[PDB]
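One chain follows as structure tokens, the form deposited in one PDB entry.
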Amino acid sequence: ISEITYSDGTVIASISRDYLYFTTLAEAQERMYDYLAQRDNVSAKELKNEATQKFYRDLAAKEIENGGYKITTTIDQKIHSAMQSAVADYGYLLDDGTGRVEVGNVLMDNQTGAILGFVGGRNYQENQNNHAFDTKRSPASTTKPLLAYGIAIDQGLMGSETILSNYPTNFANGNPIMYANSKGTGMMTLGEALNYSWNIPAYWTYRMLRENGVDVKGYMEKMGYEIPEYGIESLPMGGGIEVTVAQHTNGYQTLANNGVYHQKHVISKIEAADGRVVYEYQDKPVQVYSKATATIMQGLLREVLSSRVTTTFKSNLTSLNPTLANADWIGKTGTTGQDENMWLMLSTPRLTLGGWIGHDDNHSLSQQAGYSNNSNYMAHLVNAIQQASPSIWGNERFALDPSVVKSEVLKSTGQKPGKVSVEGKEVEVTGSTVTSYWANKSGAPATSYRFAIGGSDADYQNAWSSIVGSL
């Protein structure tokens, strides 16, 4: 008789009415499919044949049913059990007056990509859809650190105190770029752009990557993402990208693990009754962002949560478990256009926890669902995980890599002080300075007239007026 086990060998089931069983069995079936096709010498060409494939999929299922295989999962019994109780006990906190709210969460070890526990949904007995591994939804503004800022930093095109335009601008189709009811403001730092999740700065950042011919697909495909069209202007805001929570957790794993991707996995090994290893996970680490980039981004995402602009999470957690709230939490929120998907992705140096909520039919949630409800539910989820496994989150801090370049830059421009051409006239740009972190060799450039990411001529005239005002 075949068994699926937790990470410590405790049997989950013989080959039963929950996500854990069907998720791990589906994945073990897929690994058995690959093993049996390779064993029978069936080529990837032969496997293109629809009837041969159907047969091999059936053979795989039956082989587990009838064999005596042991399937070792990465799942930590105590932790995953605590996560189930947390959703059973506190899932109702998600209900925001837009009907029953669905949820998915994946908890992943940053150093291995192992999935220690997950939440598939509110209640498998009422709704079987698996929101952790099956349902794909736009990751909304949580795309910004990975595909816009992280890449721009990694390419030496931005530092931590770089200024970006948030002046009003339009998309290619002529529509204004919006952030709720705001058509935009003026210049702002990268930290302010992240903390608020403004949209225009991320639009400009990605425009810059396109203009510069940056291989964005290279980064994203190294983390396992599949995006059909990389020219989409709203990609940083989650346009043109749909992901599972387990996949997206893996992108935040990469940033938390100092830029080093490990592939997510729930199966570590499948053995025959006699011990023959028929499948084993093989770690293939990839340095997707430099250590400088990742560690700079960790410092920025720490402030996203502490600032409490887009999520109440740190307030909810400091109440529930003040000691755990003092662990080194970093994270990012997302909200889709009509409030159809809310995300909160969280990490400590040891673990990453992804969280989505939304409705199976894509109807809107309430305006506050992601800011407050999901934050409060995820604070309960994190507490429950720590209650189950007291050291699992860890007490380590994220810290800048030694390879980070520190540049003294003007607050106003985010570039080094120097002379600048303004309206036909050299001007000595002077004033108060801040340390800005870079991931290139030479750090920040000298200040130039177009000192910010993005902006029209009119925007710069308005901005320079204001700076020159200060000198």
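All residue numbers refer to positions in the sequence shown, first residue = 1. Basically, rigid core = biggest C-alpha set you can superpose within 1.5 Å across the two forms.
Note that the form deposited in another entry isn't included here; everything after this is about it.
In this overlay on the rigid core, residue 45 has a C-alpha that sits 2 Å or more away from its partner position between the shown form and the other one.
Once both forms are overlaid on the rigid core, the distance between the two CA positions of residue 441 between the shown form and the other one is under 2 angstroms. Once the cores line up, the CA of residue 419 ends up less than 2 angstroms apart between the shown form and the other one.
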